[PDB]
$ cat final.pdb   # PDB, C-alpha atoms
ATOM      1  CA  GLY A 505       0.000   0.000   0.000  1.00  0.00           C
ATOM      2  CA  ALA A 506       3.029   2.313  -0.079  1.00  0.00           C
ATOM      3  CA  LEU A 507       2.566   2.421  -3.868  1.00  0.00           C
ATOM      4  CA  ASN A 508      -0.469   4.693  -3.375  1.00  0.00           C
ATOM      5  CA  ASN A 509       1.074   6.643  -0.486  1.00  0.00           C
ATOM      6  CA  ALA A 510       4.404   7.653   1.141  1.00  0.00           C
ATOM      7  CA  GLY A 511       4.750  11.035  -0.602  1.00  0.00           C
ATOM      8  CA  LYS A 512       7.450  12.075  -3.052  1.00  0.00           C
ATOM      9  CA  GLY A 513      11.139  11.758  -2.235  1.00  0.00           C
ATOM     10  CA  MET A 514      13.836  14.406  -2.522  1.00  0.00           C
ATOM     11  CA  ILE A 515      17.416  14.109  -3.745  1.00  0.00           C
ATOM     12  CA  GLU A 516      18.538  16.868  -1.368  1.00  0.00           C
ATOM     13  CA  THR A 517      22.206  17.431  -0.601  1.00  0.00           C
ATOM     14  CA  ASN A 518      22.886  20.007   2.105  1.00  0.00           C
ATOM     15  CA  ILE A 519      25.631  21.898   0.320  1.00  0.00           C
ATOM     16  CA  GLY A 520      24.407  25.269   1.602  1.00  0.00           C
ATOM     17  CA  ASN A 521      25.592  24.559   5.135  1.00  0.00           C
ATOM     18  CA  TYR A 522      28.974  23.699   3.632  1.00  0.00           C
ATOM     19  CA  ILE A 523      28.951  26.869   1.508  1.00  0.00           C
ATOM     20  CA  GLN A 524      28.098  28.971   4.560  1.00  0.00           C
ATOM     21  CA  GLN A 525      30.830  27.266   6.578  1.00  0.00           C
ATOM     22  CA  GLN A 526      33.470  28.190   4.004  1.00  0.00           C
ATOM     23  CA  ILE A 527      32.158  31.769   3.796  1.00  0.00           C
ATOM     24  CA  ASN A 528      32.432  32.134   7.582  1.00  0.00           C
ATOM     25  CA  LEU A 529      36.002  30.829   7.512  1.00  0.00           C
ATOM     26  CA  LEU A 530      36.953  33.391   4.868  1.00  0.00           C
ATOM     27  CA  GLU A 531      35.767  36.174   7.154  1.00  0.00           C
ATOM     28  CA  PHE A 532      37.824  34.646   9.972  1.00  0.00           C
ATOM     29  CA  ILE A 533      41.033  34.466   7.925  1.00  0.00           C
ATOM     30  CA  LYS A 534      40.547  37.937   6.434  1.00  0.00           C
ATOM     31  CA  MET A 535      40.215  39.203  10.025  1.00  0.00           C
ATOM     32  CA  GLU A 536      43.295  37.429  11.376  1.00  0.00           C
ATOM     33  CA  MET A 537      45.397  38.781   8.505  1.00  0.00           C
ATOM     34  CA  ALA A 538      44.098  42.246   9.359  1.00  0.00           C
ATOM     35  CA  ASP A 539      45.066  41.957  13.027  1.00  0.00           C
ATOM     36  CA  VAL A 540      48.628  40.702  12.504  1.00  0.00           C
ATOM     37  CA  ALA A 541      49.285  43.617  10.152  1.00  0.00           C
ATOM     38  CA  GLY A 542      47.824  46.178  12.546  1.00  0.00           C
ATOM     39  CA  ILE A 543      45.529  47.428   9.785  1.00  0.00           C
ATOM     40  CA  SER A 544      41.940  47.162  10.983  1.00  0.00           C
ATOM     41  CA  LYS A 545      38.806  47.040   8.891  1.00  0.00           C
ATOM     42  CA  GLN A 546      37.910  50.338  10.565  1.00  0.00           C
ATOM     43  CA  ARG A 547      41.428  51.499   9.637  1.00  0.00           C
ATOM     44  CA  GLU A 548      40.816  50.457   6.010  1.00  0.00           C
ATOM     45  CA  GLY A 549      37.925  52.908   5.633  1.00  0.00           C
TER      46      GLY A 549
ATOM     47  CA  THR B 564      35.776  57.668   4.458  1.00  0.00           C
ATOM     48  CA  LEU B 565      39.201  59.312   4.656  1.00  0.00           C
ATOM     49  CA  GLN B 566      40.956  55.997   5.276  1.00  0.00           C
ATOM     50  CA  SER B 567      39.147  54.490   2.280  1.00  0.00           C
ATOM     51  CA  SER B 568      40.493  57.378   0.220  1.00  0.00           C
ATOM     52  CA  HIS B 569      43.967  56.251   1.276  1.00  0.00           C
ATOM     53  CA  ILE B 570      43.554  52.885  -0.454  1.00  0.00           C
ATOM     54  CA  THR B 571      43.071  54.595  -3.817  1.00  0.00           C
ATOM     55  CA  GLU B 572      45.399  57.547  -3.171  1.00  0.00           C
ATOM     56  CA  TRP B 573      48.340  55.700  -4.737  1.00  0.00           C
ATOM     57  CA  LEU B 574      46.480  55.726  -8.050  1.00  0.00           C
ATOM     58  CA  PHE B 575      46.018  59.498  -7.902  1.00  0.00           C
ATOM     59  CA  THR B 576      49.663  60.261  -7.104  1.00  0.00           C
ATOM     60  CA  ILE B 577      50.937  58.650 -10.290  1.00  0.00           C
ATOM     61  CA  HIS B 578      48.126  60.452 -12.134  1.00  0.00           C
ATOM     62  CA  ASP B 579      49.285  63.831 -10.835  1.00  0.00           C
ATOM     63  CA  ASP B 580      52.806  62.931 -11.931  1.00  0.00           C
ATOM     64  CA  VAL B 581      51.673  62.292 -15.514  1.00  0.00           C
ATOM     65  CA  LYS B 582      49.711  65.553 -15.502  1.00  0.00           C
ATOM     66  CA  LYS B 583      52.832  67.322 -14.214  1.00  0.00           C
ATOM     67  CA  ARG B 584      55.003  65.932 -17.012  1.00  0.00           C
ATOM     68  CA  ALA B 585      52.479  66.194 -19.843  1.00  0.00           C
ATOM     69  CA  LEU B 586      52.063  69.874 -18.988  1.00  0.00           C
ATOM     70  CA  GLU B 587      55.840  70.331 -19.004  1.00  0.00           C
ATOM     71  CA  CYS B 588      55.804  68.498 -22.339  1.00  0.00           C
ATOM     72  CA  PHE B 589      53.005  70.757 -23.564  1.00  0.00           C
ATOM     73  CA  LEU B 590      54.909  73.850 -22.456  1.00  0.00           C
ATOM     74  CA  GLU B 591      58.011  72.904 -24.457  1.00  0.00           C
ATOM     75  CA  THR B 592      55.931  72.159 -27.552  1.00  0.00           C
ATOM     76  CA  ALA B 593      54.375  75.598 -27.056  1.00  0.00           C
ATOM     77  CA  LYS B 594      57.815  77.227 -26.783  1.00  0.00           C
ATOM     78  CA  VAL B 595      58.678  75.793 -30.212  1.00  0.00           C
ATOM     79  CA  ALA B 596      55.432  76.866 -31.891  1.00  0.00           C
ATOM     80  CA  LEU B 597      56.277  80.463 -30.906  1.00  0.00           C
ATOM     81  CA  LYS B 598      59.105  80.528 -33.458  1.00  0.00           C
ATOM     82  CA  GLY B 599      56.880  79.426 -36.328  1.00  0.00           C
ATOM     83  CA  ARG B 600      55.082  82.572 -37.525  1.00  0.00           C
ATOM     84  CA  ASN B 601      51.830  82.087 -35.618  1.00  0.00           C
ATOM     85  CA  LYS B 602      49.985  85.300 -34.840  1.00  0.00           C
ATOM     86  CA  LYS B 603      47.784  83.656 -32.210  1.00  0.00           C
ATOM     87  CA  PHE B 604      50.579  83.992 -29.654  1.00  0.00           C
ATOM     88  CA  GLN B 605      50.435  87.760 -30.159  1.00  0.00           C
TER      89      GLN B 605
END

$ encode --input "final.pdb" --output "structure tokens"
Amino acid sequence: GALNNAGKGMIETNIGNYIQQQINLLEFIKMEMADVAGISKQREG
Amino acid sequence: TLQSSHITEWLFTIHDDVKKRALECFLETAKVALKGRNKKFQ
């Protein structure tokens, strides 16, 4: 009786959590490079 | 916004150098056109 039921499946890969994780790491590394140089983001503008 | 003007200031300083030299180059061209029978300089 699952042939007339069960709803439709999804081929869903959660790549957006991985994309957001890489984006957040880029803001972390751009911030650490700023601090070691003594040139802030407030000092850049 | 003054510190964001500093990031692009390096591009303006070479620009003012070209304008300094092209105007010295224009002035020497103009010194030579004087001795060429042009009555506009009068």

$ interface_residues --input "final.pdb" --of "chain B" --to "chain A" --cutoff "7 Å" --atoms "all atoms listed in the file" --output "PyMOL selection string"
chain B and resi 564-567

$ atom_distance --input "final.pdb" --atom1 "atom CA of residue A:530" --atom2 "atom CA of residue A:543"
17.2 Å

$ atom_distance --input "final.pdb" --atom1 "atom CA of residue A:523" --atom2 "atom CA of residue A:541"
27.7 Å

$ atom_distance --input "final.pdb" --atom1 "atom CA of residue A:537" --atom2 "atom CA of residue A:525"
18.7 Å
